[PDB]
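Here's the structure, in structure tokens; my notes come after.
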Amino acid sequence: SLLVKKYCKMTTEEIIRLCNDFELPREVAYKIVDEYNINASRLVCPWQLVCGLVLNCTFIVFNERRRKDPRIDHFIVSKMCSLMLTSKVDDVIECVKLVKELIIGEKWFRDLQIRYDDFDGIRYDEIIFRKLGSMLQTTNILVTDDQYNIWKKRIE
Amino acid sequence: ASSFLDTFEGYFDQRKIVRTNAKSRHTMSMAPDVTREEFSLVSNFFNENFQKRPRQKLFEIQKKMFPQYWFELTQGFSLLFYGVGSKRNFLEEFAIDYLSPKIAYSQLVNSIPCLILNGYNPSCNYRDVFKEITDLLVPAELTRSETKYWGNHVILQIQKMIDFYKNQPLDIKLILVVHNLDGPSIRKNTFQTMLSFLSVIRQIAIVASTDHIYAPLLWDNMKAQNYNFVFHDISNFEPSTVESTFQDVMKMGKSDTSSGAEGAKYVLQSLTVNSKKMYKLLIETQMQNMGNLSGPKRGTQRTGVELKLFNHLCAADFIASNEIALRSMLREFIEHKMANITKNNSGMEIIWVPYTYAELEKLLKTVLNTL
Amino acid sequence: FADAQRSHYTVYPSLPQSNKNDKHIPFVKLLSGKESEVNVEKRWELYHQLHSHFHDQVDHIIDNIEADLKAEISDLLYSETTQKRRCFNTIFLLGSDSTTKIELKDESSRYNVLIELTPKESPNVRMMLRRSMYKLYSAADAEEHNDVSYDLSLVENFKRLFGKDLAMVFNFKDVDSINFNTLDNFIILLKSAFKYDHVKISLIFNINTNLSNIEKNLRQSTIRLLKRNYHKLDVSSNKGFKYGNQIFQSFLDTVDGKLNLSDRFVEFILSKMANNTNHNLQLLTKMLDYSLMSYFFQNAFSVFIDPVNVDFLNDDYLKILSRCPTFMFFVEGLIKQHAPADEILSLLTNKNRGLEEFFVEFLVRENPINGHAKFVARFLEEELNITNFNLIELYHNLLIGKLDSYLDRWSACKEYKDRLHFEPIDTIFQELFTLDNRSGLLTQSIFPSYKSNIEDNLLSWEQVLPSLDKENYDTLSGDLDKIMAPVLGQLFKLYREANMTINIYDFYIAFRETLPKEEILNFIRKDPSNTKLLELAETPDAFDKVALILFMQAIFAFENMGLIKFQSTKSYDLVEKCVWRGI
Amino acid sequence: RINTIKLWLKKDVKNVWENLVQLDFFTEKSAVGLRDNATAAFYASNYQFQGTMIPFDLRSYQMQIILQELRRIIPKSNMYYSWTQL
Amino acid sequence: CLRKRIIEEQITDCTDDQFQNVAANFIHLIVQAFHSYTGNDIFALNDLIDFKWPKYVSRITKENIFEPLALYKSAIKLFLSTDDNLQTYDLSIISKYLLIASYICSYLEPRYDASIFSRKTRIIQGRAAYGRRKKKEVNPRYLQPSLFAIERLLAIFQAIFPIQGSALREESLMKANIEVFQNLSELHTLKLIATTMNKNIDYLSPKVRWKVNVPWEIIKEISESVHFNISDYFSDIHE
């Protein structure tokens, strides 16, 4: 499919349309578009790069919704996997993992992470305590309060 | 230029040979000239005012781990702090201002003595450290039947102390801080063996820190057993303005780190007028002897100055009046490992400076030439 | 002459005057500070009780292993083997660290002496001979209650000088660290003492790896000489897991009926023990001790281990325990299998009483896992005569539920693989009393990823320095703190993106290009108290030298940290990197 | 080319190698013999040479009899005579 | 032994002469068998005779006590192999692979490394190494080992290590944690890894390099004990 394509053709109108499906914020879309032109010359399967950038941005910007409802990521990945004309799901994950390496240490990525306070999906107040090694960290063995409240309200 | 940046793939990809014709001819000489004073001024300003607030907030955040450290130290473990930055202030503030009063109150009067052990200093010697350990702890002496045939008199005494301390009540009686456990002179095998044996005793507490990145390679499968380390990470991006005093930063850090001649210059920068003239006289006489006897050869006892001759020389320049003043003002230089006194086979006393001819000439020319 | 320049010094801190309350307990108040102090004291005493109860049996086992080892080696030493009296008597202790103590029995009309040698005491042959002779003479004189020469001649004249007959026993320690030329020469020299009719020499070799290296390193005639009579004994801590099983059993007995272990925990223990072979038991003891410490330090529900303290429940405890996934599953099952909706409302916050006794009615019981595992181990050991099995693996398989798969693989217990299987039973409020590593804490404070952590901190510094923004106004250099990274983190990115060997000048030019210009000069001019900095500010090329100073500081930091080296010390123009992230 | 001559194994040739090095036919790569005076021998006896740390199979020896001398000495009736020249 | 073997057997007339003849025949047989291996050494033969006596005296019997040839056939086993000797190692998993990685580092040339271990895809345009064009004819395992660096050893150890047993947080490749360095130090202190030999080495300095001190047999046994085909790396250059 699009991943297998070697030295394909891309231009602006579909690239922006490639991100309006997830309804990303405009600034992220223009940042992705600007980033693409820098590395456009040296590529083999640009669809992989576009996939990786858009997927990482979607996870970064929609963390709050994902925290409340664990079910979101399933159809989030499934919809674009279907849109990618490929049945296998491991290819998307592997391409995203490769894309993450190329963009780890950029200024705008850090700015986005700080603005949205994701820090690899964990709020900053917790990642520092996890790094230090404190025994008073939130062990994932009990149901957190937020999902407990909604679960209690629904079961009433 | 490359396709992989991490893992072994990046290592294999980034080591390919260049075309050998694109090598740039740029040289570091065509760079703006900076004197030492401007370097110190700019470095001090940027170290003092750049990002003080986030560092202070981080220190306040990570201060809340002190009770856990104390609890771990109570149960016979040994903390090891690692990270990027300077861990001097953190370790000193934790050991001196928090741990000692708490331990003293918990065992009830006086506070537990702390033995600060600088590690970045290239002039450390484990004989002096064990001498002060003996003075503080007062261990039992060594009988003739336990000295063996030309056996080491430090490891045997440490083992005797270990065998003795296995029956006393479990109480912390000494806390020791090692600032840089892998410094230029404390990383040697004998010092590590002494420290490993000294950490088996449950009645003394260890706190230590490391800076190098291949540090775990330094510890065997047996040393890691009796060190009983527990690892903690503290990164603060501290300037580390004190550790970078024994080396010349102006020359890209290639200034023979194991020498230690920069500390002598720093010390003489802030000494009285009379001591400087005495050091100048000693250096001149030692240089004369070294030139007459012999290049890059180091100075030792063979090229020293006799104590009586030195007294006669210095008394003729109104530097010292009698031997009492000379021996009073020599102790400061001896303590800082900048001059040594020892006896030869004929019974004389010889004082000597353990530096090199080039370093001695540089010291004479850069800081003592103008008085 | 500042204290920050001396090699070492002692400091006696001054203690203040504070004697008001018992604030001398390392434990801290849990439940966001709403917990009482009596609970803290009870937790302290409970932890100390359990720790002592475990370590007593640990010490007993530790002593027993040494006693049995000494008994076995002493039984081997005095065995009766008589084919000739012109040969050695060699014992190879395989895979043992040189830490055991040998005892020699006392017998009249014979002097039993033991001579220990170490690789550090072995620089030559004559010096080893002198040490051995001195030790022999000292021991003989001490036992007897002039001066001689420390040679082999002292062996010749021993009968005339003293009257009894030698039974010298040598003991080489850490034989893998001795240059075998000297050892071979010493053995050949010792061969000369066989013509005296009253001496009996024996040798003990503490081999660590294997005897193949000994065979391939020594000469051939000496191997033929040693092969006259010898005994090979396999002495190791992990010989059939006969000692780790006892430690695990002692821990299980200590924590029986009070806490629970998890499959992840035992799997972690197995994996981390698999990577060590010489010193293994101490590692397991460390893991167990640290797990117990962490559990008693971090969990506020430990107070209810003893049944006495049940009369202490509060609203907070009920609120925390209401989030137990097993409790929610039980509630869902009750509402699915049963129609009554009156019980569910009362069991909730509507009637806190019902939940109060509901918590205590299903708490103080016992789990069959420990007793069943003990019975299975005893039956498989005694009645079936198998000793090469690991209790940790068996316990992990029993926890998972694949006990039959672990049993049928031996082709010897098919007839007994009927009632030996166990059915795990899940209870309510189970994980309020459990041990496991789901947060990655045990693998962070015992086996951390050193280099990877350093690189992760350097490359992405945003997870370390707090990103405060409330006090961006009253601070002095706020603007720099928002648009400029610390020099180390900024330089590490360029270091990572560079090639294997790099030039200093181009690297400095790139670093200078990265950082902003106007804000640096504004920050320099911000402080008016200083004078020299102000007169440096208006210099047309102050920016270049400021960047150069920062570059030297960062480069020296890397060179000291070990991330870079400079090649061709006569040129000092090219630097090679030595560390790649991810390896 | 041709009774069959037995081919001895490695472990049996080790003993012959040691016997040959004992009889002073080979010497180590660059090794001095006996020192001139006592102090030199005392100094040399306290240093661990690198030849005693390398395993047996990799020690570099040197010859004391060149091939031409073997060709001159060995009688022509020996069955190894044809192999004494390249 | 012979007294026991004859009291367990029947009568032997002309006892002394027959016994001396048997002894002389045994000595002649052992000399004719092992002269080419012991040389003209009295001590080695005098040790072999004592070594091989208690079994030859057991192999005799009445029906061939007076028949030297048939007795020689019945005891042919102890006249062919000298037998003058007394998993090979018990190392951990990561040390087992560390020794193999060190051997590969020491007995191979760096320029051809990329052609043997690169096994992943690329996003940026690039090319691998062409590789060797001709095979060496010296079998480099007959020569002294070369020197390498710690970084290359770690890289190859990661490359050849078996894969580790919602994959966004997998971290499949093994990383160099504390225990890897601890096991490397354990390997060094067992004299299985050497460095530039001088008193009081400092492991933390760029001017220090390592090498291997095991022969091919030990490394082959170690490789075969963990199901690794090391020979494939060396067969290409020379079998």
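A note on labels: chains of the structure tokens are A, B, ... as shown, every chain counts residues from 1, and ligands are counted from 1 in their shown order.
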| request: List every residue of range 3-100 of chain C that DSSP, applied to the backbone of this structure, places in alpha helix (DSSP H), and write the result as a PyMOL selection string. | output: chain C and resi 37-77
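Near residue 106 in chain E, within a cut-off of 7 Å and counting only C-alpha atoms, sit the residues residues 102, 103, 145, 146, 147, 148, 211 and 212 of chain E, with same-chain residues fewer than 3 positions away left out.
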| field | Interface residues on chain E facing chain B, 12 Å, only C-alpha atoms, written as a PyMOL selection string | value | chain E and resi 110-129+150-161+171-190+199-206
| task | Using only C-alpha atoms, determine which residues of chain C fall within 7 Å of chain B; present them as a PyMOL selection string. | result | chain C and resi 1+6-15+24+26+131+445-446+451+454+465-466+468+477+481+499-500+504-505+544-545+549+552+556+561-562+573+580-583
Closest atom pairs, chain C residues within 9 Å of chain A, only C-alpha atoms, as CSV:
```
residue,atom,partner,partner_atom,distance
C:30,CA,A:136,CA,9.0
C:294,CA,A:135,CA,6.6
C:295,CA,A:135,CA,8.7
C:297,CA,A:135,CA,7.4
C:298,CA,A:135,CA,5.8
C:299,CA,A:136,CA,8.7
C:320,CA,A:142,CA,8.7
C:321,CA,A:142,CA,8.8
C:323,CA,A:143,CA,5.3
C:324,CA,A:142,CA,5.7
C:325,CA,A:143,CA,6.6
C:431,CA,A:141,CA,7.5
C:432,CA,A:141,CA,8.9
C:438,CA,A:140,CA,6.9
C:439,CA,A:139,CA,5.7
C:440,CA,A:130,CA,9.0
C:441,CA,A:133,CA,6.5
C:444,CA,A:133,CA,7.0
C:445,CA,A:133,CA,7.1
C:459,CA,A:105,CA,7.0
C:460,CA,A:105,CA,6.9
C:462,CA,A:110,CA,7.4
C:463,CA,A:128,CA,6.9
C:464,CA,A:128,CA,6.7
C:466,CA,A:124,CA,8.4
C:467,CA,A:114,CA,7.9
C:493,CA,A:105,CA,7.2
```
Please return, as a CSV table (one decimal) with N, CA, C and O atoms, in the first residue's frame, all residues of chain E lying within 8 Å of chain D when only C-alpha atoms are considered.
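Saved the output as iface13.csv:
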```
chain,number,residue,atom,x,y,z
E,37,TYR,N,56.9,-41.7,22.5
E,37,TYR,CA,56.2,-40.6,23.2
E,37,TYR,C,57.0,-40.2,24.5
E,37,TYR,O,57.0,-39.0,24.8
E,38,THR,N,57.6,-41.1,25.2
E,38,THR,CA,58.4,-40.8,26.4
E,38,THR,C,59.8,-40.5,26.1
E,38,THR,O,60.5,-40.0,26.9
E,39,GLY,N,60.3,-40.7,24.8
E,39,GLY,CA,61.7,-40.5,24.6
E,39,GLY,C,62.6,-41.5,25.4
E,39,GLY,O,62.2,-42.5,25.8
E,82,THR,N,47.6,-43.1,25.9
E,82,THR,CA,48.4,-42.9,27.1
E,82,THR,C,47.5,-42.7,28.3
E,82,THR,O,47.7,-43.3,29.3
E,142,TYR,N,45.6,-18.8,14.6
E,142,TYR,CA,46.9,-19.4,14.9
E,142,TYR,C,47.8,-18.3,15.5
E,142,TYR,O,49.0,-18.6,15.8
E,143,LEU,N,47.4,-17.0,15.5
E,143,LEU,CA,48.2,-15.9,15.9
E,143,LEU,C,47.8,-15.3,17.2
E,143,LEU,O,46.7,-15.6,17.7
E,144,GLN,N,48.6,-14.4,17.8
E,144,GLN,CA,48.3,-13.8,19.0
E,144,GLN,C,47.0,-12.9,18.9
E,144,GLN,O,46.9,-12.2,17.8
E,213,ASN,N,42.1,-14.4,26.6
E,213,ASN,CA,43.1,-15.4,27.0
E,213,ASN,C,42.5,-16.7,27.1
E,213,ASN,O,42.6,-17.5,28.1
E,214,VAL,N,41.7,-17.1,26.1
E,214,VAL,CA,41.2,-18.5,26.0
E,214,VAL,C,41.5,-19.1,24.6
E,214,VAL,O,41.5,-18.4,23.6
E,215,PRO,N,41.8,-20.4,24.5
E,215,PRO,CA,42.1,-21.0,23.2
E,215,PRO,C,40.8,-21.3,22.5
E,215,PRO,O,39.7,-21.1,23.1
```
| message | So that I can check the secondary structure, give me every residue of range 225-292 of chain B assigned strand (DSSP E or B) by backbone DSSP, as a PyMOL selection string. | response | chain B and resi 229-233
| chain C residues within 10 Å of chain D, counting only C-alpha atoms: which ones, as a list in words? | residues 123, 124, 125, 178, 179, 180, 181, 182, 213, 216, 217, 218, 219, 220 and 221 of chain C
| request: Write out as an MDAnalysis selection string which residues come within 10 Å of residue 358 in chain B when counting only C-alpha atoms, dropping same-chain ones fewer than 6 positions away. | output: chainID B and resid 287 295:298 364
Please, could you write that set of residues out with N, CA, C and O atoms as a compact mmCIF listing (two decimals), in the first residue's frame?
```txt
# COMPACT_ATOMS: atom_id res chain seq x y z
N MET B 287 65.46 23.53 42.78
CA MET B 287 65.72 23.59 41.35
C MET B 287 67.22 23.60 41.06
O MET B 287 67.68 22.97 40.11
N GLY B 295 65.41 18.06 32.89
CA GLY B 295 64.40 17.43 32.05
C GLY B 295 63.07 17.25 32.76
O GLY B 295 62.70 18.06 33.61
N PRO B 296 62.34 16.19 32.40
CA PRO B 296 61.04 15.92 33.02
C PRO B 296 61.09 15.08 34.29
O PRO B 296 60.04 14.62 34.74
N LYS B 297 62.27 14.87 34.88
CA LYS B 297 62.37 14.07 36.09
C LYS B 297 61.70 14.78 37.26
O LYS B 297 61.82 15.99 37.43
N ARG B 298 60.98 14.01 38.07
CA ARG B 298 60.30 14.55 39.23
C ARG B 298 61.28 14.71 40.39
O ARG B 298 62.30 14.01 40.47
N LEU B 364 57.40 29.38 39.65
CA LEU B 364 58.30 30.48 39.97
C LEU B 364 58.06 31.69 39.07
O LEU B 364 58.26 32.83 39.50
```
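Nearest residue to chain E among A:72, A:29, A:43, A:77 is A:43, counting only C-alpha atoms.
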